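Novice:
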Amino acid sequence: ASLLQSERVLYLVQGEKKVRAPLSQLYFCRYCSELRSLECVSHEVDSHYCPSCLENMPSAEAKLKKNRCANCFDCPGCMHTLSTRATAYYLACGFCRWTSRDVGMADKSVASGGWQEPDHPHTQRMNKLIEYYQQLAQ
Amino acid sequence: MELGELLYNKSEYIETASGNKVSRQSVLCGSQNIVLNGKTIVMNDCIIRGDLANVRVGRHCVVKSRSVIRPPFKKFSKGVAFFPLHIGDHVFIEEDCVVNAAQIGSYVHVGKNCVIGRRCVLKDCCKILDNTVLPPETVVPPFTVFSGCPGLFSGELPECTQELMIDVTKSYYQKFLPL
Amino acid sequence: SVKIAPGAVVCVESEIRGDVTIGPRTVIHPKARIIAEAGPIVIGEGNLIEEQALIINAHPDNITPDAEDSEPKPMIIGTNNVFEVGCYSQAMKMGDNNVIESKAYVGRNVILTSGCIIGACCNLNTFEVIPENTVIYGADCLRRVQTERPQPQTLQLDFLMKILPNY
Amino acid sequence: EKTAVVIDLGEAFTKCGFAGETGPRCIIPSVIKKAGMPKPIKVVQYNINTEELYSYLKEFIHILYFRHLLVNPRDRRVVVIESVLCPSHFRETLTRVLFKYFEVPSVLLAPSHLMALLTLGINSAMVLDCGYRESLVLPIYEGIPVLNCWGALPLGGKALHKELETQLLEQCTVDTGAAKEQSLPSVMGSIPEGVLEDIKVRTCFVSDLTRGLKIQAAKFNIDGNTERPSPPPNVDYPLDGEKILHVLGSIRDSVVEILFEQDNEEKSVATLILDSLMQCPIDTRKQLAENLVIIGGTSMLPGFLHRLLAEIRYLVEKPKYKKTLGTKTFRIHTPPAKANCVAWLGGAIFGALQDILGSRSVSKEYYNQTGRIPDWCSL
Ligand SMILES: Nc1ncnc2c1ncn2[C@@H]1O[C@H](COP(=O)(O)OP(=O)(O)O)[C@@H](O)[C@H]1O
Ligand SMILES: [Zn+2]
Ligand SMILES: [Zn+2]
C-alpha cells in the first residue's frame with residue numbers, strides 16, 4: 002500500500018464527479034457495472050469501540066456517555082491513553115511523566131469505579147433556559 | 001517503486017534452512033528460546049535477544065537491517081519477569097526500527113526507525129509510520145495509522161490490507177535472492 | 008587497561024575499548040559500545056546498559072582544540088541509571104537515579120541530576136544542566152515537566168543476575 | 012425526533028457537538044491534512060473558486076461527522092451557526108455540501124449574535140464578536156438584529172498574530188544551540204502561525220487603561236524622555252526543540268495595544284460599541300447600553316473585559332460621544348459558557364426546540380426544488 006507506491010498509477014470513476022484514486026482505495030459495485038471511490042460513496046455508522054480497552058459499545062449507551070469509555074482515560078498534557086498504577107491507585111502516562119497527583123486528585127480505594135469528572139458549573143441554569151424557550155416555542 | 005517490488009541481491013554468507021533465511025552479520029543472542037517456523041527474513045546487523053523470551057515469528061516475516069526485537073519486562077509485584085512476545089503472520093519490520101512490544105499482530109507494516117514502547121500490543125492489519133514513538137502500554141486497532149512523538153491515531157488504512165500485504169512480503173521474499 | 012569488579016554481570020560478548028573502570032554491580036547487555044578514548048569511563052553500581060549505547064570519551068575527536076593542558080575529562084556516571092535502546096551518551100559528569108529513553112541523543116556536555124528522564128527519539132546537543140527531578144518528552148519540542156518524585160529501577164537490575172548465566 | 016447537531020465554521024477554530032448540552036463536544040483547528048502539503052490548508056477561505064472550496068468543506072464536515080462526532084449525517088438535522096454578512100458564495104457552498112453530498116434533512120443558518128443573546132435569557136442586548144478575522148458588533152433589540160447600525164474593524168486574532176510576528180522580528184533574541192547563547196536576530200525568516208498563537212495565549216496579556224495609555228505615548232516618543240512603565244520579566248519560549256526564543260517584556264503588553272490604539276481615525280475595538288450605539292434608535296439607547304455581551308476567543312485574553320469597559324467609559328467623556336452617550340450606565344453580561352463557546356451554546360439551546368427548528372429551518376426537499384437559500388439580501 003505505502004511500501005510499494007500504490008499512490009502513482011490511478012483508476013478513473015464514472016458519474017457526476019470524476020476522481021483519480023489508487024485501486025487499493027476504490028470499491029467495485031456489483032449490483033450495477035461501475036467502480037466508485039471512497040469520496041463518491043455515502044458513509045454510515047455501524048459500531049463504536051475504545052482504542053485502548055477494545056469494548057464494542059451500543060449506539061444508545063454512547064449518547065448517554067457522550068461518545069466516551071468510562072474505564073479508560075487519555076492524559077491532558079500529551080494525548081496518550083493513561084495507565085492505573087498502585088502504591106490505593108493513581109493515574110500516570112508513559113510518554114510524559116504527568117501523574118493524577120500533580121493536579122491534586124485524591125487516590126481511590128476501588129480501581130475504576132472511584133474516578134469521575136466534576137459536574138458542569140452552568141448545568142442548572144441550562145435546563146431552566148431550555149424549559150423556558152420550550153414553553154415559549156410551544 | 002510504482003507498485004512493482006525491486007531487486008535486492010544477497011551475499012553468500014546467510015543461514016538458509018527450511019525456507020528461513022537469517023543474515024550471519026545479524027547476532028540473535030539466545031538461539032534456543034527464539035523460534036522461526038515459516039520462511040522468515042532477518043537482514044544484517046539486526047538483534048533478536050533471548051532475555052527469557054519466546055519470539056515466535058510469522059510465515060513470511062521481514063526484519064530490515066540495524067533493527068532490534070527485544071521482549072519487555074513486566075513490572076509485577078508477584079515476580080518481575082520478561083514477557084514472551086509473539087510476532088504475527090506476514091509482519092514487515094522496517095530498517096533501523098526499535099521494538100520492545102509484547103504481542104505484535106499479523107499483517108502489520110512497522111515503519112523505519114520507529115520506537116515501540118514497553119508491553120505494547122498491536123492488533124492485526126495496522127501500520128506505524130516512520131520517525132514515530134508508541135509509548136509504553138499502548139494499543140493500536142486494526143485498519144489504523146499511529147504517528148507523531150505522542151504516537152496517536154493519524155487516520156485509517158485502505159480496506160484491502162489483508163489481501164494486499166500478502167503480495168508485498170511474499171514478493172520481497174521471492175525478489176530477495178543470492179547474487 | 009581494564010578494572011573488572013566482582014558482583015557486576017558485565018557480559019564478555021559486549022564490545023569494550025580503552026582504559027575502562029567498571030562499577031561494583033553494573034549489568035552491560037550484549038552489543039553495548041563503550042570506549043575510553045581520552046579519559047576513563049567511571050561506572051557507578053547499578054548502571055545497567057541495554058542494546059546500542061554509544062558511550063565515548065572522545066572530546067579530542069569531537070573538538071580537537073589542543074587546549075586545557077592535559078584535558079582528561081573523566082566520564083563519571085552515577086548509581087541506578089538505565090541506558091535504553093539506541094541512546095547516544097557523552098557526559099563528563101552524570102548524576103544518580105536518571106533514565107534516558109530509547110534512541111535518546113544526549114549532548115556533548117549535559118549534566119544529569121536525580122529523577123530526570125530524556126524523551127524517546129529526542130536529541131539534545133545544546134549544553135545545559137538539567138534541573139532537579141524534571142523530565143523531557145518529544146523530539147518536535149522539548150516540553151520540560153517537573154516530576155513529583157524520583158523513580159527507582161532496582162528490581163529490574165536484581166532479576167538480570169538470574170537471566171545472564173548461560174547467555 | 013433525534014438531537015440536532017450544531018456546527019460553527021470559523022477561520023481559527025470550529026465548534027461542534029449536539030443540542031441540549033452544557034458545551035460543545037469537540038472544538039478543533041479548522042484545517043485539513045492533505046497528502047503532499049506539509050502545512051495543512053485552512054477549510055474556510057473567502058474569495059476562491061467554488062470547486063476547490065467544495066472539496067475542502069466536504070473533507071472537513073466528513074472529519075466532524077465521523078472522527079469527532081459519531082453519528083449518521085442523513086438521520087438528524089443541522090444548526091449551522093455563521094456570523095451576519097458572511098460571504099454569499101461561502102454560505103451557498105456550505106449548504107450545497109450539506110444538502111447534496113451528506114443529504115442532511117434540514118439546515119438552519121442562525122446569526123452568531125442572536126444565538127449569543129439566547130444563552131443569557133435577556134431578549135435585548137448589544138453583542139460584540141471579537142473573532143479571528145474581524146471584530147464585529149451588531150445590536151439585537153427584542154429578537155430583531157438591527158443591520159442598519161452594524162460595525163466591524165480588522166482588530167481580531169489575525170491582526171494581533173501579524174502584530175506579534177512584526178515585534179518579535181525587531182527585538183529577535185534566540186538561543187539556537189550552536190554558539191547562539193549571544194543574541195541572534197532573525198535566524199528564521201517567518202514564524203509559523205501555530206507558534207505565534209501559543210505565545211499570544213501564554214506570554215501576552217491585556218494591560219490596565221492607565222498603564223496602556225502611557226505605553227501608547229511611550230512607543231510614540233512624543234517629545235518625552237523615557238516615559239514608559241516598568242515591563243514584566245522576559246519569558247523564554249522554545250522553538251522547534253533546541254532554539255530558545257527570549258520574548259521581551261515590552262512585546263507582551265504592547266502587542267495588544269494595536270486593538271485599543273486610536274490611530275487618529277478614532278477606530279478601536281472599544282470605540283466600535285459607542286460608534287454603533289450612537290447610530291441606534293433613540294428609544295433603544297438605554298436598554299442596549301445596560302445589556303452588553305462580549306463573545307469571541309480574542310476577548311478571552313487575560314484582562315480584556317476590564318480594559319474594554321474602562322476604555323468605553325473614557326471614550327464616553329470624549330467630546331464626540333459626550334452629548335448622546337454622556338450619562339449612560341454600561342454593564343457587561345457574564346454568559347454561562349466561556350467567551351469562545353457562547354455562539355455554539357445558543358445554537359444548542361435553539362436546537363433543543365424541535366417544534367420551532369423544523370419550521371424555521373430550510374428542508375432538503377425545498378432546496379432540491381428551488382435551489383435558493385434565504386438570506387438578508389433581496390429574493
Ligand atoms: N481560550 C482562549 N484563550 C485565549 N485566546 C484564545 C482562546 N481561544 C481562542 N483564542 C484566540 O482567539 C481567536 C478566537 O477565534 P474564534 O472566535 O474561535 O474564530 P472565528 O471568529 O473564526 O469564529 C483564536 O484565533 C485565538 O487566537
Ligand atoms: Zn476503553
Ligand atoms: Zn501525557
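Chains as they are written, first to last, in the deposited numbering: chain Y, 2 to 88, 106 to 156; chain V, 1 to 179; chain U, 8 to 174; chain J, 12 to 390.
All C-beta atoms in this analysis are idealised placements derived from N, C-alpha and C, irrespective of residue type, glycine included.
Tell me where the alpha helix (DSSP H) around residue 68(J) begins and ends.
Specialist: 61-74
Novice: Could you give the DSSP three-state label for residue 69(U): helix, strand or coil?
Specialist: helix
Novice: So, residue 151(J) versus residue 128(J), is the Cβ gap smaller than 9 Å?
Specialist: yes
Novice: Classify residue 186(J) as helix, strand or coil using the three-state DSSP reduction.
Specialist: strand
Novice: I'd like to check one pair, residue 29(J) with residue 359(J): are the Cβ atoms closer than 9 Å?
Specialist: yes
Novice: Going by the CB atoms, is the gap between residue 186(J) and residue 247(J) shorter than 9 Å?
Specialist: yes
Novice: Is residue 22(J) close to chain U? Criterion is C-beta to C-beta, closer than 9 Å.
Specialist: no
Novice: Please list, following the chain, all residues that have a C-beta closer than 7 Å to any non-hydrogen atom of ligand 3.
Specialist: Spelled out in chain order, the answer is 76(Y), 78(Y), 79(Y), 81(Y), 111(Y), 113(Y), 114(Y) and 116(Y).
Novice: Please list the partners that residue 151(V) has in chain Y, where partner means a Cβ-to-Cβ separation under 8 Å.
Specialist: 81 and 113
Novice: Could you check if residue 116(Y) is buried or exposed, using at least 16 other CB atoms within 10 Å of its CB as the buried criterion?
Specialist: buried
Novice: What would DSSP say about residue 80(Y), mapped onto helix, strand or coil?
Specialist: coil
Novice: Where do the N-terminal and C-terminal ends of the alpha helix (DSSP H) with residue 163(V) fall, by residue?
Specialist: 162-175
Novice: Under 8 Å between beta-carbons, which chain J residues line up against residue 147(U)? List them in chain order, please.
Specialist: 251 and 252
Novice: Taking 5 Å as the limit, name every residue whose beta carbon sits nearer than that to some heavy atom of ligand 2, in sequence order.
Specialist: Going by the Cβ distance cut-off, the answer is 51(Y), 53(Y), 54(Y), 70(Y) and 73(Y).
Novice: Ligand 1 heavy atoms versus the CB of residue 144(J): any closer than 8 Å?
Specialist: yes
Novice: Is residue 24(J) a contact residue of ligand 1, with contact defined as CB to any heavy atom under 8 Å?
Specialist: yes
Novice: Would you verify that the beta carbon of residue 109(V) is, or is not, closer than 9 Å to some beta carbon of chain Y?
Specialist: Cβ-Cβ to chain Y under 9 Å: yes for residue 109(V).
Novice: Count the other CB atoms, across all protein chains shown, that sit within 10 Å of the CB of residue 11(U); report buried if there are 16 or more and exposed otherwise.
Specialist: Exposed.
Novice: Considering only C-alpha positions, which residue in the set 18(U), 115(U) and 34(U) is nearest to residue 164(U)?
Specialist: Residue 34(U) holds the alpha-carbon nearest to the alpha-carbon of residue 164(U) among 18(U), 115(U) and 34(U).
Novice: Leaving out five residues before and five after residue 371(J) in sequence, what residues of the same chain have Cβ atoms less than 8 Å from its Cβ?
Specialist: 119
Novice: Taking only the alpha-carbon atoms, compute the straight-line gap between residue 102(V) and residue 145(J) and give it to the nearest angstrom.
Specialist: 53 Å
Novice: For the beta strand (DSSP E) that contains residue 25(U), what are its first and last residues?
Specialist: 23-25
Novice: Report buried or exposed for residue 135(Y), applying the criterion of at least 16 other Cβ atoms within 10 angstroms of its Cβ.
Specialist: exposed
Novice: Taking C-alpha atoms, which residue in 180(J), 273(J), 318(J) and 192(J) lies nearest to residue 216(J)?
Specialist: Nearest of 180(J), 273(J), 318(J) and 192(J) to residue 216(J), Cα basis: 318(J).
Novice: Looking at chain V, which residues of the segment 142-169 of chain U have a Cβ within less than 7 Å of any of its Cβ atoms?
Specialist: 145, 146, 147, 162, 163 and 166
Novice: Residues of the segment 110-132 of chain U in Cβ contact with chain Y at a cutoff of 7 Å, in chain order, please.
Specialist: 124
Novice: Going straight from the alpha carbon of residue 65(Y) to that of residue 58(Y), what length do you get?
Specialist: 11 Å
Novice: Which residues of chain U have a Cβ atom closer than 8 Å to the Cβ of residue 357(J), listed in chain order?
Specialist: Per Cβ cutoff of 8 Å: no residues; residue 357(J) is ~36 Å from chain U at best.
Novice: For the alpha helix (DSSP H) that residue 103(J) lies in, which residues bound it at each end?
Specialist: 99-107
Novice: Name, please, each residue of chain U whose Cβ falls closer than 7 Å to the Cβ of residue 125(Y).
Specialist: Those do not exist, as residue 125(Y) stays about 13 Å from chain U at its closest Cβ, beyond 7 Å.
Novice: Could you run through the segment 182-203 of chain J and flag, in chain order, every residue whose CB is less than 7 Å away from some CB of chain U?
Specialist: 188
Novice: In terms of alpha-carbon separation, which member of 92(V), 150(V) and 87(V) lies closest to residue 112(Y)?
Specialist: 150(V)
Novice: With distances taken Cα to Cα, identify the nearest neighbour of residue 6(Y) among 178(V), 177(V), 179(V) and 165(V).
Specialist: 165(V)
Novice: If you run the structure through DSSP and keep just helix, strand and coil, what is residue 262(J)?
Specialist: helix
Novice: Measuring CB to CB, does residue 255(J) end up less than 9 Å from residue 174(J)?
Specialist: The answer is no: Cβ separation not under 9 Å.
Novice: Against residue 67(Y), what residues of chain J qualify as contacts under a CB-to-CB distance less than 7 Å, listed in chain order?
Specialist: 36
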